[PDB]
Each structure stands twice: as C-alpha cells, then as structure tokens.
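K.L.:
Take a look at this one; I'll ask things after.
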Amino acid sequence: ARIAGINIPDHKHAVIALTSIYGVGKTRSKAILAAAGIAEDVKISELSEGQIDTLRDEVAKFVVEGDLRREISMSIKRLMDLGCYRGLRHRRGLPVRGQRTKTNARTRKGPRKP
Amino acid sequence: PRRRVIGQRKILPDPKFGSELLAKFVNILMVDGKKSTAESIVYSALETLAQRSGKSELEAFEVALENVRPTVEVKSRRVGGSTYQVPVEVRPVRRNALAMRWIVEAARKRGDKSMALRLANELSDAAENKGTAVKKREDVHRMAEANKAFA
Amino acid sequence: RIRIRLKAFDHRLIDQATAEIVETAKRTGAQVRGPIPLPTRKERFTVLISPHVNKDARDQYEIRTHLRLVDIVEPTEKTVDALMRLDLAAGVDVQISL
Amino acid sequence: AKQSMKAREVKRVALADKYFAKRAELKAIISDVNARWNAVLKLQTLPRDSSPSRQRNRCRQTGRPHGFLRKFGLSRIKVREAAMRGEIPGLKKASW
Amino acid sequence: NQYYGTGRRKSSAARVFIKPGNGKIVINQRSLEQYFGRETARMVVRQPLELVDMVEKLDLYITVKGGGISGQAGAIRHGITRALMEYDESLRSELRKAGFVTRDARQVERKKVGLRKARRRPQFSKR
Amino acid sequence: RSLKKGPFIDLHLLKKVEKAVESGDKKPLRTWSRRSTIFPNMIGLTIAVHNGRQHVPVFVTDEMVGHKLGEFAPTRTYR
Amino acid sequence: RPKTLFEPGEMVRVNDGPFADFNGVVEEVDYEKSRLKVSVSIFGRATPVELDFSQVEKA
RNA sequence: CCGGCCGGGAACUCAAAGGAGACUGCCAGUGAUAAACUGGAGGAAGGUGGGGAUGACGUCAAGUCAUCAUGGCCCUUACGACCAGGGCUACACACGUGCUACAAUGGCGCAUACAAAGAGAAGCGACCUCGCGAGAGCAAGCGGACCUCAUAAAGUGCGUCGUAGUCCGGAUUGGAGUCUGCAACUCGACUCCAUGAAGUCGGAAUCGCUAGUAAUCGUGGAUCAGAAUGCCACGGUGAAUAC
C-alpha cells in the first residue's frame with residue numbers, strides 16, 4: 001500500500017525495501033525496523049498488516065518524500081536569491097566543494113564539446 | 001631465448017591428488033596469487049562433476065582434457081603476409097598446455113553464475129564434444145588444414 | 001647491576017671499546033658477564049639527486065648506529081674505581097643504568 | 001640569497017616566543033572551551049604575522065624553504081654537498 | 001636425548017626439537033591439523049618424513065614465528081631436514097634427491113628508485 | 001567549517017560593530033578583512049567586503065545564517 | 001648518606017657507579033621514582049648515569 | 001598467579017662482532033696437447049650462487065644565472081624593503097602520469113591464524129570514563145629488542161544476496177559536527193544523516209614483466225601548525241611462458 005513510499009517495495013528484502021524509498025538509507029532502515037520488532041534478515045513477502053501499521057507510524061516522524069525534495073530546492077533557491085558563492089556556483093552549474101574545473105568535474109558541469 | 005633455449009620452471013605434484021597436471025591446472029586458473037581460493041573451486045567443480053556424471057575422479061578431467069587435446073599446432077612460416085599457420089605434430093608438453101589454456105579461457109568466457117558451475121559445465125560439455133574449448137580446438141585444426149601449403 | 005650501554009657509529013670501534021671494558025674488570029677481580037648484542041639501528045635517508053628537474057632519480061644514504069650492553073653482575077670495590085677513564089673512546093656514547 | 005625571507009623568518013623566531021608559546025595555551029583552554037563567556041575576545045589580540053603557523057621551515061645556510069630536512073637542519077643538496085665530501089658523520093651510501 | 005633443527009623460509013623462524021615418542025606434531029603449543037593441516041600447505045611438512053616412513057617413531061615440538069602459512073610450514077620443512085641427523089646419514093643421501101635438504105635461495109628482491117616495486121617500470125607514452 | 005564554540009568575529013571589526021550600536025546605520029565602510037561570521041547581532045550592517053581589486057557593498061540579512069564575509073566577495077573572474 | 005633532598009643543576013659525587021672519586025652535575029631529576037640522571041664530562045662527552053638518592057651525597 | 005612469571009639453562013628462536021666455505025676445484029668426455037665447455041659426485045649454493053652500490057675517453061653550446069658563487073648589463077625616495085587581502089586551485093578545451101570500478105572469483109555481517117621494515121620529547125599517547133561515531137577530558141612508560149604508533153590485511157569457516165545497472169561501484173548536492181591553527185573566507189582533512197550520475201572489462205593504438213618476477217593485500221618514513229591515490233622503504237600469498 002501507500003506506506004509513505006514512492007512505490008510498492010515488494011519482492012525484496014526488508015532492509016532493501018526501506019532503502020528503495022527517497023529519504024531513507026541503510027541506517028534509517030535498521031533504525032525503523034529495530035524500533036518496531038521487524039525481522040531484518042527476511043523478505044516482506046506475506047507480511048502482516050499489524051507490523052506494517054507500526055512502520056507507517058514510524059516513517060512519518062522524519063521528513064517524507066517530495067517535502068524533502070522541496071526542502072533541498074528551497075535551501076538551494078534561498079542561496080540563489082541571496083547571491084552568495086553557493087548560489088552563484090549552483091546557478092552556473094559548477095562544483096562548490098573545491099573540485100577542480102580544469103579537467104574533471106564533468107558530472108556537475110556536463111558532457112564534453114570542444 | 002636468443003642465446004640458449006630455456007624451459008619454464010618445473011613444478012611438483014599437487015598436495016591433494018598427487019598429479020603434476022592438476023598442479024599446472026590450478027596454477028593457470030589462479031588469480032591475484034590466491035592459490036587456496038583457486039584450488040578450492042577446482043576441487044569443488046571436480047567433486048560435483050564426478051558425483052553428477054557418475055564417472056571416476058581420474059576420468060572426470062582426463063577424458064575432458066582428452067577431447068580438447070590437439071594433435072597439430074600452427075607454425076608461422078610467413079607465406080600469407082608475414083604470418084601463416086603451417087600444421088605440424090604438437091609436442092606433449094605443448095599438447096597438454098594448449099588444452100589447459102583453452103579449457104581455462106572457456107571457463108572464464110562461460111556465462112554461468114559461479115566459477116564452479118562455469119568449470120563443471122565446460123568440463124561436462126567438453127567430454128561430449130560440445131563445449132567452447134571443443135569449438136576452439138575444432139577451428140584451429142580446420143584453419144591449419146586449409147593453410148597446409150607445406151608439412 | 002652496572003648496566004653499561006654503548007652507542008657508536010662503527011662496528012670496529014664499539015667491540016674494541018667494550019674489550020677494555022671487559023678486561024679492566026675481569027682481571028682486577030669481580031663478576032662480569034659477556035657483551036649482549038643489542039640490535040643495531042639502521043636509519044635510511046632518501047633524497048632527490050638532481051637540483052632543477054628530477055622525476056624518478058634519487059640518491060640513498062644510511063647510518064648504522066651500533067649498540068652494546070656489558071651489564072656487570074656484581075659492583076665490587078675493585079671495578080668501581082678502575083673501569084672507566086682509560087679507553088679514550090671519544091666516539092662512543094656510554095650510558096649506565098643501575 | 002634573497003635577504004627578505006631570511007629577515008622575516010629570523011624576526012618570526014624571536015616574536016613567536018615573545019608573544020606565543022605562553023598565551024597560546026590560554027587560547028586553547030578558553031576559546032576551545034574546556035571545563036559562550038566573554039573572555040575569548042581578549043585572547044585573539046595576538047600578532048597575525050608572528051603566528052607559528054606562518055613560520056615556514058628553511059635551510060640554515062641559504063634559507064631555502066623547499067627540500068629542507070629537520071634532522072640535519074639543511075636542504076637535500078646541502079646534505080648531499082656535505083655527505084659527498086665526508087663532513088656528515090657515518091652518512092655512508094645505502095647499498096643493501 | 002634431543003635432535004634439533006632451525007630452518008627458515010624468507011620471513012619465518014622455527015626451533016624443531018625432535019624427541020622420541022608418538023607420531024604426533026606439536027606446533028606453537030597446538031595440534032597440526034588445527035592450525036593449517038586441513039587447508040593450504042597440508043602435506044609439505046610430511047614430504048621429508050614420507051621417504052623414511054617414521055609414522056609413529058618421533059614426536060616433534062616446534063615453535064615457529066614470522067611470515068604466513070606457507071612461510072611457517074617452509075621453516076618447519078627446513079627445520080625437519082636440518083634435524084634429520086638423529087640417526088646415521090644413509091637416509092639424508094636419498095632426501096637430497098627430493099630437493100628439501102637444499103635451502104631455497106628464492107627470496108624477495110628489494111624495491112628500486114623510479115620503480116613501483118622490484119622490476120615494474122612506469123608506463124611509457126605512445127608518441 | 002566555522003569555529004566550534006562560537007562565531008569568530010575579527011577584533012577591529014568587533015570594535016566597528018560596537019561603534020555601530022551608538023552611531024547606527026552609516027555609509028559603506030571599506031575594510032580589508034573577510035574573516036568574520038554573521039549572527040543576529042550583525043544584521044543591518046552596510047560594510048564593504050574586500051575582494052582584491054574592489055570592495056563589494058554587502059547588506060546583511062537573515063538568509064546569511066552561517067556564511068562568512070568571504071562568501072560574498074568576488075575574487076576571481078569569469079570569461 | 002646525608003643531604004637526601006636534591007635539586008636540578010646541582011653538583012654531586014659518584015660513589016657506587018663506575019665514576020668514583022669524581023664529581024658531576026644532575027641534568028634531570030625524577031622525584032617520583034627517586035632516580036638521578038647525572039652526567040660525567042669524561043673524554044669531552046656527556047655520560048648519562050643513573051644514581052639513587054640515598055647512595056650519594058650533595059656536594 | 002597457569003602469565004616466561006621464577007630458580008636454572010644459557011642450549012636455542014632472535015640478535016652482532018670475528019672466521020671458515022665456491023677457487024674451473026674433483027673426476028670423466030669434448031676441444032688444440034692451450035684457454036674453455038657439457039654431465040656427474042661433494043656441498044646449503046657450481047662456472048661472475050641471487051640482488052644492490054660503483055656508469056670509461058666522450059656526446060647533446062642538454063637542464064639549473066631560481067640552492068649558492070660569479071663576469072657583463074640594469075634599478076637605487078625603487079626592478080630594493082614591510083604589511084593586509086587576492087592569485088599560484090579559474091573553464092567552450094586538448095595531453096601525460098596515477099587511483100576506483102564494471103562482480104558471485106565478489107558485496108554485507110560475525111568469529112579467527114601468521115609479519116617484516118621504521119619512527120617517536122611542544123612527541124608516540126596506552127588504561128579508564130563520555131559521545132553510535134569522528135574526538136574531548138583525566139592520565140603510565142620510554143629519546144628506544146622494554147613504552148607507543150599497531151588490531152597486519154588478503155586467507156579461512158558459516159548465514160545472506162543469483163546476473164539485474166543489483167546489498168556491484170561510488171560521482172555530485174544539501175543539513176548538522178569534530179581536529180589543527182589569529183583565523184577554514186574564495187581554496188583543507190575527517191565523522192553523522194539523506195541523494196545513488198556515468199560505468200555491462202572499453203575504437204585506432206600502446207605499455208610492464210623471464211621466478212620469489214608479474215599480479216594482489218597491508219605496514220612505516222621524509223616533507224608536514226594542520227593537510228597525499230604522489231615519492232621512498234618493508235613483508236603476506238604467489239604465477240603464467242619460452243618451439
């Protein structure tokens with residue numbers, strides 16, 4: 001069902017089911033499962049609704065999908081409108097953490113075209 | 001070499017079955033210096049093949065090497081543009097050597113999930129004249145026969 | 001008890017320094033044990049050889065600091081007032097632990 | 001020789017003990033809090049140039065800031081110059 | 001009384017003390033099969049003793065350090081061959097043909113300046 | 001990135017902030033230092049951050065929560 | 001021996017070590033372990049020797 | 001005390017000084033009866049046993065007036081000297097040297113066996129406590145076979161995942177911290193949470209290696225207030241192939 005996940009995480013292991021959602025990695029996955037009595041070493045095939053209602057309650061505390069993407073977009077646009085170094089490097093599509101633009105940084109900059 | 005002929009470093013029999021050919025087999029199949037992991041997959045594939053096929057452990061690799069054992073090799077006599085494939089009777093060291101290189105390269109090429117499965121499949125398919133190593137052996141003999149300008 | 005420890009720069013200077021250290025105590029009358037080897041330290045130094053262009057060439061030097069341990073067993077009155085002051089070993093850093 | 005770098009370095013050596021090495025530990029205890037209070041501002045008044053972080057190790061003879069060796073107190077070509085002419089004790093060639 | 005042999009294999013060091021008794025082997029205050037006899041280097045220690053057939057004659061107390069599994073077993077191998085003087089020399093004359101009495105000169109070559117390791121040279125440009 | 005136990009504001013620039021409590025808002029001040037942290041007690045200043053060739057007049061606002069003065073000074077140049 | 005309490009940089013005399021009938025100076029003192037690090041300037045070079053508090057007297 | 005810890009042995013692992021041993025020397029064959037070669041015996045090792053240092057008369061008017069010295073020329077209230085900030089790190093690009101990957105030979109998690117070579121006093125920093133952690137406070141030993149860095153890693157047992165752009169691989173970006181240092185500000189390291197690009201072993205072409213080598217996995221050092229995939233050095237496992 002719609003357990004605050006982009007889509008149904010079925011046919012995969014319980015830890016992998018959580019990692020396939022936007023906003024939760026392996027650490028938050030083990031945290032949600034350990035604090036709800038889920039079996040981390042099995043798959044979610046034929047999982048009872050009672051153990052899923054506690055997961056549905058648990059996941060809602062930390063930031064959900066879309067609202068997190070909007071939080072990152074808002075945090076970036078704030079620096080863009082402000083006019084700082086982090087805003088200008090973002091609008092001009094170049095690295096901000098000190099990566100060289102001489103040869104590398106192709107992922108952020110873009111494909112080659114001499 | 002140029003000054004004198006040099007034969008490659010001789011080996012001793014393997015620690016499990018006492019065969020000098022299996023010692024060369026595990027050495028060629030070895031990767032990154034990990035001899036233990038290599039012999040573990042070789043013994044595992046040999047045991048699973050001897051159990052599945054029902055034949056003896058000796059014939060489980062002797063008949064598989066025999067079906068991929070060539071009887072002629074190619075000499076580069078330069079006739080066809082500075083390179084050629086004149087056939088001549090292969091020497092015994094080279095006879096078992098080319099067979100092991102082909103069956104190992106075929107195990108590397110095979111698309112099975114596990115190296116033990118890739119090896120037990122190539123070892124099974126070889127003895128019934130259907131494997132990739134059999135295709136390699138039964139292509140060089142044809143090319144050598146087609147390029148038999150001399151003998 | 002008198003744990004003499006010698007530190008020199010040459011193999012043919014410290015065995016000769018501890019030769020008189022064994023003879024001027026054994027002869028006069030005391031209890032003396034032989035010299036303990038105490039492993040030599042090898043300090044390496046690798047530096048660039050060419051001044052203005054040097055990519056893969058280097059010159060390699062090293063120093064071998066030799067060590068010795070005499071460890072006089074009993075500190076008798078004969079060896080206490082006769083052991084040192086006569087070797088003239090200026091290139092041997094002696095150290096004594098009681 | 002480039003007298004500037006030598007003059008600056010000699011000045012920083014004395015001035016790095018005249019102000020620093022005694023009140024730097026006070027900055028380490030108070031500003032980097034150990035057990036914000038207003039006593040931190042009085043410990044940031046130290047000279048900017050005289051800081052040990054600015055001091056660069058240089059050769060004893062020519063003041064060369066590159067190729068220096070702390071142990072022998074010289075540069076690699078100065079260690080090589082003395083080493084070849086037998087002036088450094090026991091610095092034999094390494095040939096193991 | 002006792003029959004001693006040191007033995008070394010490139011990084012390792014052992015003391016092989018051969019005392020009369022049962023055919024078991026004690027290595028580092030532990031059994032042979034437990035340490036590495038079920039894995040790599042299982043029977044290399046048995047090759048000097050296989051030729052003379054000493055199955056239940058002599059017990060070996062061995063203390064070995066340094067190297068790895070192969071290096072420790074090689075130090076035990078050269079220790080047994082050095083300690084094979086317990087009886088008359090008519091048995092080591094056939095052990096020499098096997099090639100284990102000979103000390104292996106196969107040891108690591110040092111790294112050299114300009115090279116990544118012993119003999120590997122850096123890649124040269126195409127043009 | 002910034003100092004662990006507190007925002008490091010430069011000594012002379014802190015003196016300028018203390019004189020700004022009494023003198024209020026004023027004309028742009030061309031200072032040379034760029035190593036100062038922004039905080040709620042720094043909002044409203046009209047100081048000019050140094051950027052080598054020139055001095056950029058920056059007006060402090062709420063959005064500059066953890067940034068320093070050096071993050072608004074253009075030092076390099078684009079084509 | 002008298003004068004059991006010592007201080008750094010004070011001259012002492014060696015009595016139970018190999019440098020008897022001679023004097024020297026203590027470079028470093030360790031009051032916790034009660035051991036004196038004394039140097040004897042013999043042959044023009046420093047010679048670190050360990051001495052006990054009760055075994056020697058202050059000069 | 002089940003700890004080499006304590007009598008003792010100092011045998012011996014190891015450690016380090018002095019010697020001996022390999023010199024075509026012993027035999028046979030071959031060659032010219034000369035030098036020399038091949039096989040065998042002895043020996044731990046036979047034809048400079050293995051590796052390193054040591055590069056001839058000379059060559060490129062090869063590089064360094066920027067390590068320093070120096071002829072000539074030039075500046076001298078300035079091409080000299082001090083200070084703050086910035087640049088040396090930019091970006092429609094091309095090239096060299098490197099590192100990590102494309103996987104069941106492996107990923108994750110638990111348990112476990114074995115090193116060598118070094119460095120260390122404004123140091124290495126045990127042990128204890130706090131924090132998931134990076135780290136902080138308290139706090140022994142030693143200028144060194146004692147004390148620390150330092151738990152060696154690949155390997156080996158099982159449980160998991162089964163050929164997918166995946167529990168393969170990690171780029172980029174945001175939020176929140178620690179350490180050094182007046183001070184992380186364009187332009188640093190590391191830790192936590194979240195995001196999971198490209199990449200399915202790569203065209204023409206090209207490189208390194210003859211045995212403890214190639215390959216693979218860790219450790220230390222110089223420089224270093226604090227910062228290496230580079231340099232130097234050490235060992236674990238350990239080949240393939242020469243007609």
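In the structure tokens, chains take letters A, B, ... by order of appearance, with residues numbered from 1 within each chain and ligands from 1 in the order shown.
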What lies within 8 Å of residue 64 (chain D) using only C-alpha atoms (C1' of nucleotides), ignoring chain neighbours under 3 positions off, as a PyMOL selection string?
P.N.:
(chain D and resi 58-59+67-68+75) or (chain H and resi 67)
K.L.:
Do me a favour and pick out the residues of chain B within 7 Å of chain H, using only C-alpha atoms (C1' of nucleotides), as a ChimeraX atom specification.
P.N.:
/B:1,6-8,27-28,32-34,113-115
K.L.:
Can you spit out the residues from that selection as a PDB file, in the first residue's frame, using C-alpha atoms?
P.N.:
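Dumped to again.pdb:
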```
ATOM      1  CA  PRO B   1      65.574 -17.116 -25.906  1.00  0.00           C
ATOM      2  CA  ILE B   6      65.169 -22.125 -21.599  1.00  0.00           C
ATOM      3  CA  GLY B   7      62.479 -24.463 -20.282  1.00  0.00           C
ATOM      4  CA  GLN B   8      59.905 -22.986 -17.849  1.00  0.00           C
ATOM      5  CA  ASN B  27      48.417 -22.560 -11.277  1.00  0.00           C
ATOM      6  CA  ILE B  28      46.983 -21.359 -14.665  1.00  0.00           C
ATOM      7  CA  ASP B  32      45.828 -12.462  -7.728  1.00  0.00           C
ATOM      8  CA  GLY B  33      48.182 -15.036  -6.107  1.00  0.00           C
ATOM      9  CA  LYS B  34      45.309 -16.689  -4.163  1.00  0.00           C
ATOM     10  CA  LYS B 113      26.707 -17.743 -12.195  1.00  0.00           C
ATOM     11  CA  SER B 114      29.550 -19.467 -10.275  1.00  0.00           C
ATOM     12  CA  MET B 115      33.118 -20.321 -11.471  1.00  0.00           C
TER      13      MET B 115
END
```
K.L.:
Give me the residues within 12 Å of residue 28 (chain H) as a ChimeraX atom specification, counting only C-alpha atoms (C1' of nucleotides) and dropping any in the same chain fewer than 3 places off.
P.N.:
/H:38-41
K.L.:
Output the contact residues of chain C with respect to chain E at a cut-off of 10 Å, based on only C-alpha atoms, as a count of residues only.
P.N.:
7
K.L.:
Hey, list the chain H side of the contact with chain F: 7 Å cut-off, only C-alpha atoms (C1' of nucleotides), answer as a PyMOL selection string.
P.N.:
chain H and resi 84-86+90+183-186
K.L.:
Could the residues in this selection be written to a file with N, CA, C and O atoms (P, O5', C5', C4', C3', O3' and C1' of nucleotides), as a PDB file, in the first residue's frame?
P.N.:
```
ATOM      1  P     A H  84      50.455  40.595   7.173  1.00  0.00           P
ATOM      2  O5'   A H  84      48.973  40.914   6.667  1.00  0.00           O
ATOM      3  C5'   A H  84      47.990  41.485   7.546  1.00  0.00           C
ATOM      4  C4'   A H  84      46.833  42.079   6.773  1.00  0.00           C
ATOM      5  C3'   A H  84      46.212  41.165   5.724  1.00  0.00           C
ATOM      6  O3'   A H  84      45.289  40.233   6.259  1.00  0.00           O
ATOM      7  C1'   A H  84      46.523  43.308   4.791  1.00  0.00           C
ATOM      8  P     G H  85      45.278  38.726   5.711  1.00  0.00           P
ATOM      9  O5'   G H  85      44.506  38.803   4.313  1.00  0.00           O
ATOM     10  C5'   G H  85      43.123  39.197   4.246  1.00  0.00           C
ATOM     11  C4'   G H  85      42.738  39.668   2.857  1.00  0.00           C
ATOM     12  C3'   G H  85      42.939  38.683   1.714  1.00  0.00           C
ATOM     13  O3'   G H  85      41.895  37.714   1.625  1.00  0.00           O
ATOM     14  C1'   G H  85      43.777  40.800   1.076  1.00  0.00           C
ATOM     15  P     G H  86      42.200  36.217   1.092  1.00  0.00           P
ATOM     16  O5'   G H  86      42.433  36.373  -0.483  1.00  0.00           O
ATOM     17  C5'   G H  86      41.380  36.831  -1.347  1.00  0.00           C
ATOM     18  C4'   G H  86      41.904  37.214  -2.713  1.00  0.00           C
ATOM     19  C3'   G H  86      42.588  36.116  -3.514  1.00  0.00           C
ATOM     20  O3'   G H  86      41.682  35.240  -4.182  1.00  0.00           O
ATOM     21  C1'   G H  86      43.899  38.085  -3.601  1.00  0.00           C
ATOM     22  P     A H  90      40.204  25.384 -10.640  1.00  0.00           P
ATOM     23  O5'   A H  90      39.945  26.905 -11.043  1.00  0.00           O
ATOM     24  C5'   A H  90      38.949  27.693 -10.359  1.00  0.00           C
ATOM     25  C4'   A H  90      38.405  28.818 -11.220  1.00  0.00           C
ATOM     26  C3'   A H  90      37.732  28.441 -12.540  1.00  0.00           C
ATOM     27  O3'   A H  90      36.635  29.305 -12.805  1.00  0.00           O
ATOM     28  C1'   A H  90      39.557  29.896 -12.956  1.00  0.00           C
ATOM     29  P     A H 183      42.631  30.539  16.195  1.00  0.00           P
ATOM     30  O5'   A H 183      41.850  30.949  14.863  1.00  0.00           O
ATOM     31  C5'   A H 183      40.617  31.688  14.886  1.00  0.00           C
ATOM     32  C4'   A H 183      40.365  32.321  13.536  1.00  0.00           C
ATOM     33  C3'   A H 183      39.876  31.391  12.430  1.00  0.00           C
ATOM     34  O3'   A H 183      38.468  31.205  12.481  1.00  0.00           O
ATOM     35  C1'   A H 183      41.641  32.757  11.618  1.00  0.00           C
ATOM     36  P     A H 184      37.798  29.767  12.198  1.00  0.00           P
ATOM     37  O5'   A H 184      38.020  29.506  10.641  1.00  0.00           O
ATOM     38  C5'   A H 184      37.171  28.567   9.957  1.00  0.00           C
ATOM     39  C4'   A H 184      37.397  28.593   8.463  1.00  0.00           C
ATOM     40  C3'   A H 184      36.485  27.670   7.652  1.00  0.00           C
ATOM     41  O3'   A H 184      36.218  28.240   6.370  1.00  0.00           O
ATOM     42  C1'   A H 184      38.739  27.024   7.348  1.00  0.00           C
ATOM     43  P     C H 185      34.922  29.179   6.117  1.00  0.00           P
ATOM     44  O5'   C H 185      35.189  29.809   4.679  1.00  0.00           O
ATOM     45  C5'   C H 185      34.233  30.704   4.098  1.00  0.00           C
ATOM     46  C4'   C H 185      34.948  31.768   3.308  1.00  0.00           C
ATOM     47  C3'   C H 185      36.185  31.288   2.564  1.00  0.00           C
ATOM     48  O3'   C H 185      35.884  30.663   1.321  1.00  0.00           O
ATOM     49  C1'   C H 185      36.737  33.234   3.797  1.00  0.00           C
ATOM     50  P     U H 186      36.045  29.069   1.160  1.00  0.00           P
ATOM     51  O5'   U H 186      36.130  28.851  -0.417  1.00  0.00           O
ATOM     52  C5'   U H 186      35.076  29.315  -1.268  1.00  0.00           C
ATOM     53  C4'   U H 186      35.571  30.368  -2.232  1.00  0.00           C
ATOM     54  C3'   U H 186      36.695  29.943  -3.165  1.00  0.00           C
ATOM     55  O3'   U H 186      36.229  29.214  -4.292  1.00  0.00           O
ATOM     56  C1'   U H 186      37.213  32.051  -2.210  1.00  0.00           C
TER      57        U H 186
END
```
K.L.:
Starting from chain D, keep only residues with some atom at most 7 Å from an atom of chain F, counting only C-alpha atoms, and report them as a list in words.
P.N.:
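Result, ordered by chain then number: residues 32, 33 and 36 of chain D.
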K.L.:
Those residues with C-alpha atoms, as a JSON list (two decimals), in the first residue's frame please?
P.N.:
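Saved file result-v2.json follows:
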```
[["chain", "number", "residue", "atom", "x", "y", "z"],
["D", 32, "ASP", "CA", 38.18, 25.99, 22.63],
["D", 33, "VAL", "CA", 36.02, 25.54, 25.80],
["D", 36, "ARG", "CA", 29.98, 31.47, 25.38]]
```
